[PDB]
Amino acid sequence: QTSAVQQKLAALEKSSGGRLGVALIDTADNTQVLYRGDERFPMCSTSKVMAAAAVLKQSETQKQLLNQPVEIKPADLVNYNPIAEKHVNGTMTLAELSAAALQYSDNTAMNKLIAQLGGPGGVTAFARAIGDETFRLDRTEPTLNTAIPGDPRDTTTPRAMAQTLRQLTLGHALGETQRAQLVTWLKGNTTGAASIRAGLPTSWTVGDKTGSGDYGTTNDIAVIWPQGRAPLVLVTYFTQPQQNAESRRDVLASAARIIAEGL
């Protein structure tokens, strides 16, 4: 069937010119709302959640891992490095790299997380270990953001990413202290106010990770603590037909507003 909410998301999509993917899990009843939920979208910076979680999982058997220093060299800087550039010719700990990746979207920090996992496939292997058969990371930063239509590299589906974000933040894919750390990091995101959270009531608490890339790709994945009810997980992915298209965070906000009105 097509629900009222799906029809509204289709009208939003038609006015946007691009392709919208949405997945909601309402943990009040475990019900879902999906729009293009099984179509593949480029993840861009939203893939940083899986990498940070995979290092948290390694830290469950190594109490000092998050304090381990990693060297940052000039050659390591890529296209967007506001935290790592302050530590060139020095070090950052794996905690500092995780925080920088998630809260400031530092792409050099992401590359150090990927390297700590043995390369992009180490991120994909963690996804598989927590039940996500869909996610794939194939490249490092910055080339994982090319977002070419039809390219399977560095993609997932809305349905898979919502399920995984639920298990990471609300379920038991991580140990309790690691889950709490991931939630603290997501709640302190600096980049999210124009995306999912802009479509939700102001009283609701959000932790999120955004992403953007070529083809006007504009993404957000969020855990939401609504006033008066059980948490939600919401994924909104958006991509456009022309390589140089502009970001459309307002489309993600509109999708979130439609989802919230449908509760």
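The first residue of the shown sequence is 1; numbering continues from there.
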| query | finding |
| --- | --- |
| Mean C-alpha temperature factor, higher of 65-73 and 38-46 | 65-73 |
| Per the entry, higher mean C-alpha B factor between 84-92 and 181-189 | 84-92 |
| Options 212, 236, 58, 202 - largest CA temperature factor per the record | 202 |
| Third of the chain's Cα B-factor distribution that residue 117 belongs to, per the entry | middle |
| Residue 79 - which third its CA temperature factor falls in, relative to the rest of the chain | highest |
| Entry-reported Cα temperature factor of residue 159, expressed as the chain third it lands in | middle |
| Relative C-alpha B-factor of residue 251, binned into the chain's lowest, middle or highest third | middle |
| Where the record places residue 245 (Cα B-factor, split into thirds across the chain) | highest |
